[PDB]
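>>> model the structure of this input:
(one chain, ligands or ions: 3)
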Amino acid sequence: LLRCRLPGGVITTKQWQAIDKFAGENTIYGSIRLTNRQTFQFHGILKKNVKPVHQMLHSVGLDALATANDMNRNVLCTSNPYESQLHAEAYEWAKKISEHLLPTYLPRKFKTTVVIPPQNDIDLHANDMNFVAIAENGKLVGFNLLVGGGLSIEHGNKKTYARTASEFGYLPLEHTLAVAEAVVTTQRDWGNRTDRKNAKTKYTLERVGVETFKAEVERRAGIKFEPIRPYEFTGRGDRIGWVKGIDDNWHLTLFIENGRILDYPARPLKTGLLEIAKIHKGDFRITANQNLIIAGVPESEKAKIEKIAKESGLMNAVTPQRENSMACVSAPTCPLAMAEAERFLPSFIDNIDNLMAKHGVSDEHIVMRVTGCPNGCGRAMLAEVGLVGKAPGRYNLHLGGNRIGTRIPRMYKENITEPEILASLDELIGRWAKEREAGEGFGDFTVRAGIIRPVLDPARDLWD
Ligand code: SRM
Ligand code: SF4
Ligand SMILES: [K+]
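Numbering: from 1, shown residues only. Ligands and ions are numbered 1, 2, ... in the order given. Now the structure:
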């Protein structure tokens with residue numbers, strides 16, 4: 001298992017050229033796959049090239065996690081904050097936390113984020129430990145801590161569940177690393193290590209109580225949490241296209257379907273990004289939506305970058321729906337896949353696009369995700385509409401998450417095929433288009449209209 005460490009998704013152009021060369025010359029599939037934890041993956045590395053890949057990473061200052069005994073995963077950071085000035089400091093903290101957590105064997109893998117409101121692109125409620133940035137005058141002052149998210153479930157096993165993360169309170173910036181260590185060590189000591197399916201922090205928190213866990217974190221960190229400082233999210237999508245950054249700089253976010261970077265007929269996505277890497281003055285940022293930001297472009301350089309991106313297919317226009325849809329890798333490389341996800345999503349969203357147009361809502365979107373099995377890598381258990389693989393061509397259909405990702409969708413129909421899913425969604429999108437209140441999301445609508453009951457307390461009410 002290769003898990004390349006890349007805190008906050010920030011990768012230099014020199015690093016990009018090295019991984020582009022390795023992908024093209026030394027793997028079966030020839031691709032760079034952007035992951036939804038803001039890093040990248042190679043597929044099909046032969047025996048001959050396992051030592052070459054660690055040497056390649058080392059040659060450009062990169063390393064991979066030693067997953068055999070390191071339970072941490074890549075630390076996420078909001079990639080393109082609306083207050084652009086905040087990114088540098090939030091990224092420095094994501095790096096500091098990532099380095100602090102490098103090898104305490106944990107009972108189960110442990111996932112961390114740094115989040116900049118109002119964007120929940122990094123999907124904080126899928127993660128064990130979340131630092132929500134609070135700023136004054138463009139400078140970080142501290143974080144709200146949320147603990148205990150995680151999405152993996154087992155079909156037919158009501159002792160497993162997806163759980164969102166719980167607020168603990170606010171900490172000043174100076175206590176960040178002491179708090180991070182206290183959460184990690186409390187989970188290390190209190191986790192149910194014997195039953196692997198019950199070892200995640202989400203289960204520990206439910207077993208001992210949020211207040212009990214919080215009190216122990218306070219004791220170990222040597223602090224008292226302050227009350228939560230106000231924060232609100234407005235969405236989880238990327239900002240596709242150009243946005244103004246700091247100074248005279250601009251950020252170009254490229255939609256990349258499934259994060260799969262390969263040269264396709266009339267669409268040389270991989271060569272295009274190499275050509276951009278060779279001229280770009282700044283870094284790239286891999287987003288938690290499996291897209292890529294060409295970050296820190298001077299205004300004078302926008303036209304040159306955009307020319308390559310447009311000619312290579314990297315700026316091919318897609319619907320808002322497609323920009324807000326996601327799938328996990330699944331087949332052909334994942335050994336755990338029950339149904340296709342990545343290879344299913346493009347034509348599935350073709351069909352969803354037709355339904356949206358039919359009902360007059362082609363400018364709207366529904367956060368819609370497909371995961372190939374209930375481990376949940378595609379983050380379907382935080383979607384407005386989630387599909388969870390069950391068997392070849394068959395999925396459980398979940399409804400009633402929200403746009404900002406703070407609610408788990410309940411299962412609506414079990415073990416159904418794509419035609420059955422599209423027939424259900426045709427009827428329901430039609431109802432939404434005609435009956436929604438101003439700005440009301442599809443997920444919230446299915447709850448308000450009584451189509452599905454909400455999940456209010458997942459450890460107790462996720463399962464019917
Ligand atoms: C690539 C990625 C999906 C994607 O399309 O982007 C992915 C792919 C895989 N995940 Fe994951 N996971 C990916 C994000 C996630 C997330 C979402 C997230 O973290 O934001 C989850 C759900 C959140 C959570 O952990 O609760 C996730 C939960 C899992 C689990 C279930 C863990 C559990 O608690 O039970 C497994 C299975 C396991 O660990 O045994 C897993 C296992 C796998 C493996 C390695 C399958 C395996 O054990 O052999 C997958 C490799 C497929 C392949 O061929 O490449 N992956 N995986 C993501 C890589 C992120 C990264 O860079 O580290
Ligand atoms: S959700 Fe299942 S099928 Fe998809 S990548 Fe994760 S483990 Fe593989
Ligand atoms: K994408």
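>>> for the rest of this, base every contact and every neighbour count on C-alpha atoms.
OK.
>>> so which bits of the stretch 351-464 of the chain are right by ligand 2?
371-378 (C-alpha under 6 Å from any ligand atom).
>>> filter those down to the ones close to ligand 1.
375-378.
>>> most neighbours out of those residues, which is it?
Sorting those by how many neighbours each has (other C-alpha atoms under 10 Å) puts residue 378 first, at 30 neighbours.
>>> how close does it get to residue 183?
26 Å (C-alpha to C-alpha, to the nearest Å).
>>> ligand 1 contacts on the stretch 251-400 of the chain?
Residues of the stretch 251-400 of the chain lying near ligand 1 (C-alpha under 6 Å from any ligand atom): 327-330, 333-335, 375-379.
>>> list the contacts for residue 349?
Going by C-alpha atoms under 8 Å, 6 or more residues apart in numbering, residue 349 touches 321-322, 325.
>>> can you put the ones next to ligand 1 among the residues of the stretch 351-464 of the chain next to ligand 2 in JSON lines and add distance to residue 133 and secondary structure?
Listed next are these as JSON lines, based on distance: C-alpha to C-alpha, whole Å; DSSP: H, G, I helix; E, B strand; the rest coil:
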{"residue": "375", "distance to residue 133": "29", "secondary structure": "coil"}
{"residue": "376", "distance to residue 133": "26", "secondary structure": "coil"}
{"residue": "377", "distance to residue 133": "25", "secondary structure": "coil"}
{"residue": "378", "distance to residue 133": "25", "secondary structure": "coil"}
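>>> tell me the secondary structure at the closest residue to ligand 3 within the stretch 51-200 of the chain.
Using C-alpha to the ion, the closest approach of the stretch 51-200 of the chain to ligand 3 is made by residue 121 at 11.9 Å. When classified by DSSP: H, G, I helix; E, B strand; the rest coil, residue 121 comes out as coil.
>>> so which of the ones next to ligand 1 among the residues of the stretch 351-464 of the chain next to ligand 2 reach ligand 3?
Among those, no residue is within reach of ligand 3 (C-alpha under 5 Å from the ion).
>>> buried stuff in stretch 337-355?
337-346, 348-349, 352-353, 355 (16 or more other C-alpha atoms under 10 Å).
>>> what's the first-to-last distance across that stretch?
End-to-end distance (C-alpha to C-alpha), stretch 337-355: 28 Å.
>>> just give me the neighbour total for residue 315.
With other C-alpha under 10 Å as criterion, residue 315 counts 20.
>>> and it, its phi and psi?
phi -120, psi 20 (degrees, to the nearest 10).
>>> pull the contacting residues for it.
241, 254-255, 309.
>>> repeat the analysis, applying 10 Å as the threshold.
240-241, 252-256, 269, 306-309 (C-alpha atoms under 10 Å, 6 or more residues apart in numbering).
>>> export these to a markdown table and tack on secondary structure?
Listed next are the contacts of residue 315 as a markdown table, based on three-state DSSP:
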| residue | secondary structure |
| --- | --- |
| 240 | coil |
| 241 | strand |
| 252 | strand |
| 253 | strand |
| 254 | strand |
| 255 | coil |
| 256 | coil |
| 269 | helix |
| 306 | helix |
| 307 | helix |
| 308 | helix |
| 309 | helix |
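>>> in ChimeraX, how would I select the buried members of those?
In ChimeraX, a selection of the buried entries from the contacts of residue 315 looks like this (16+ other C-alpha under 10 Å):
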select :240,241,252,253,254,255,256,269,306,308,309
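>>> and the contacts of residue 315, which is closest to ligand 2?
residue 256 (17.7 Å; C-alpha to the nearest ligand atom).
>>> which residue is the nearest non-sequential neighbour of the closest one?
The shortest distance from residue 256 to any non-neighbouring residue, by C-alpha to C-alpha, 6 or more residues apart in numbering, is to residue 291 (5.2 Å).
>>> how many other residues sit next to that neighbour?
26.
>>> hmm, residue 34 and it touching each other?
Yes - taking C-alpha atoms under 10 Å as the definition, residue 291 is a contact partner of residue 34 at 7.1 Å.
>>> what touches both of these two?
Contacts common to residue 291 and residue 34, judged by C-alpha under 10 Å, 6+ apart, are 256-261.
>>> looking at the residues you listed, state which has the most neighbours.
residue 259 leads those on contacts (other C-alpha under 10 Å) with 27 neighbours.
>>> next one: that one from ligand 3, what distance?
From residue 259 across to ligand 3, the span is 5 Å (C-alpha to the ion, to the nearest Å).
>>> next one: residue 438
28 Å.
>>> flag every buried residue along stretch 238-254.
Buried residues in stretch 238-254 (16+ other C-alpha under 10 Å): 238-242, 244-245, 249-254.
>>> those residues: which two are farthest apart?
238 and 249 (17.8 Å; C-alpha to C-alpha).
>>> and the helices in the stretch 1-150 of the chain?
13-26, 50-59, 87-101 (DSSP state H, counting those that start in this stretch).
>>> give the contact list for residue 145.
114, 129-133, 165-171, 176, 179-180, 225, 228.
>>> how close does it get to residue 369?
27 Å.
>>> what's in contact with stretch 328-341?
29, 33, 35-36, 43-44, 258-260, 290, 326-327, 342-345, 348, 369-380, 387-395.
>>> from these, which land in helices?
Under the assignment DSSP state H, these contribute 345, 348 to helices.
>>> check the burial of residue 267 by counting its neighbours.
Count around residue 267 with other C-alpha under 10 Å applied: 16.
>>> would you confirm that it contacts residue 308?
No - contact between residue 267 and residue 308 fails when scored by C-alpha under 10 Å: they sit 11.2 Å apart.
>>> quick revisit: now for the residue nearest to residue 256: which residues touch it?
33-36, 38, 238-240, 253-261, 285, 323.
>>> pull up the gap between it and residue 177, please.
For residue 291, the distance to residue 177 - C-alpha to C-alpha - is 29 Å.
>>> residue 170 bridge partners, please.
residue 144, residue 226 (DSSP bridges).
>>> pull the number of nearby residues for it.
21.
>>> verify the stated contact: it with residue 225.
Yes - assessed by C-alpha under 10 Å, residue 170 is found in contact with residue 225 at 5.4 Å.
>>> which residues do the two both contact?
144-145.
>>> what's the local residue count around residue 166?
Residue 166: 19 neighbours (other C-alpha under 10 Å).
>>> beta partners for it?
Bridge pairing for residue 166 - DSSP bridges - gives residue 147.
>>> would you mind measuring from the nearest residue to residue 72 once chain neighbours are set aside to residue 405?
Distances taken as C-alpha to C-alpha, 6+ apart place residue 110 nearest to residue 72, at 4.9 Å, with adjacent residues excluded. To residue 405, residue 110 is 20 Å away according to C-alpha to C-alpha.
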